[PDB]
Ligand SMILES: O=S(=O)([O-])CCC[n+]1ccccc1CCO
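Just the one chain here, laid out as structure tokens, in the form deposited without the named molecule.
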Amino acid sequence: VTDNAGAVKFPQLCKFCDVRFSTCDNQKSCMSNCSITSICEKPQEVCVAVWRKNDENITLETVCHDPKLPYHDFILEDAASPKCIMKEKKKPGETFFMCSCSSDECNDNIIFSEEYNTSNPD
């Protein structure tokens, strides 16, 4: 089975759970629990994911968006990356994590180590 409808006449596909609770605690390869695949409304739009711990609650929101528009008063530009490369973001009063990629199913698994901790730290 393939993830493409045919040659390449379809828009980008991605996970779209909207606001959902999550148990992603430490960084380094986390995971989302929704399994809902949705197609991006436009080819220019990418896959943006955000994990936020509010005191005693963790939540991950996932939705397609255009990398040319700012988000939360910030300019989005890590979407060109095929996989999550942005490493956590400091929100005043909150720990907001930034992450945007342009690959089909890219929000089901989040990457917070590039080489998946290949360094093998002790």
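Quick note: we count residues from 1 along the sequence shown, nothing fancier.
Only in words, not in the display: the form solved in complex with the named molecule, which the text now covers.
S.K.: How would the site be scored, open or blocked, if the named molecule were superimposed onto this chain using its pose in the bound PDB entry (blocked means 3 or more ligand atoms within 2.4 Å of backbone or C-beta)?
M.R.: Output flag = blocked.
S.K.: Would you mind picking the one in 27, 44, 33, 38 that has a heavy atom within 4.5 Å of the named molecule in the bound PDB entry?
M.R.: By the 4.5 Å heavy-atom cutoff, the listed residue in contact is 27.
S.K.: Could you confirm whether residue 53 comes within 4.5 Å of the named molecule in the bound PDB entry, counting heavy atoms only?
M.R.: Answer yes; at least one heavy atom of residue 53 falls within 4.5 Å of the named molecule in the bound PDB entry.
S.K.: At a 4.5 angstroms cut-off on non-hydrogen atoms, which residues of 93 to 112 are near the named molecule in the bound PDB entry? List them in order.
M.R.: Read in sequence order, the residues that approach the named molecule (within 4.5 Å, in the bound PDB entry) are 97, 112.
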